[PDB]
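Presented below, as structure tokens, is a lone chain in the form solved without its partner chain.
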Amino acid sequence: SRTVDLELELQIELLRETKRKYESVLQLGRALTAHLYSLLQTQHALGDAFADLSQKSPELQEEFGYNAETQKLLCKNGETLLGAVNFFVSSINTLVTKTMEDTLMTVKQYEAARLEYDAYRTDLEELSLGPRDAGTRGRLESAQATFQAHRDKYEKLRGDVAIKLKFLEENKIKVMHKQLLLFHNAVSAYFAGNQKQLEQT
């Protein structure tokens, strides 16, 4: 037997799974970030190399310079898509690292108080077994205070949670829109802007 709040608890469970899912997405984004930056530096180097060869290889100057163009192209077009991912990632991090962490902060608080409320309650039930004498009543009095108090902190915090939860879910949707968008846009904008120059030259 333990104080349970089926609705809140489920509500709280969801926030935790969401947060975990959102963290592994934040992980994949930073991975994607690290890799793009690597591909970018390698395409700059490759660009310069194909350059140097074109200038030094008349028998093949076209092919080398041709390829040296795309490479340098794809580079400036990558630095962009990159800064965008750097943005998407940085955004979702805040939503997770601070926006969500603050709510989860109140949950751990609520959960701890809940644990204590049940402890002080149980102490009181225990003393109730004792004889109806004077001395036991004195203790049931002390025990009654603490108990009531701890019931207060519990119920308040349980309130501060259902509230914060609602507000948070507001952002989870607002923030994850502007972001899930810009991201996907920057993506198709990268390829688009790139083909527009690859067909030309």
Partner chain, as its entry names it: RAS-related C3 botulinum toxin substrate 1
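Positions refer to the first chain, counted from 1.
Another form, the form deposited with its partner chain bound, is not on view; read the next lines as being about it.
Considering non-hydrogen atoms and a 4.5 Å limit, does its partner chain approach residue 122 in the entry with it bound? Taking the distances in the entry with it bound, the answer for residue 122 is no, it never comes within 4.5 Å of its partner chain.
In the entry with it bound, does residue 151 come within 4.5 Å of its partner chain, counting heavy atoms only? Taking the distances in the entry with it bound, the answer for residue 151 is no, it never comes within 4.5 Å of its partner chain.
Give a yes or no for residue 107: in the entry with it bound, does one of its heavy atoms lie within 4.5 Å of a heavy atom belonging to its partner chain? Answer no; every heavy atom of residue 107 is more than 4.5 Å from its partner chain in the entry with it bound.
In the entry with it bound, does residue 45 come within 4.5 Å of its partner chain, counting heavy atoms only? Close contact exists here: in the entry with it bound, residue 45 approaches its partner chain to within 4.5 Å, heavy atoms only.
Thinking of 27, 40 and 89 as one candidate spot, does its partner chain come within 4.5 Å of a heavy atom in every one of them in the entry with it bound? The answer is yes: all three residues contact the partner (heavy atom, 4.5 Å cut-off).
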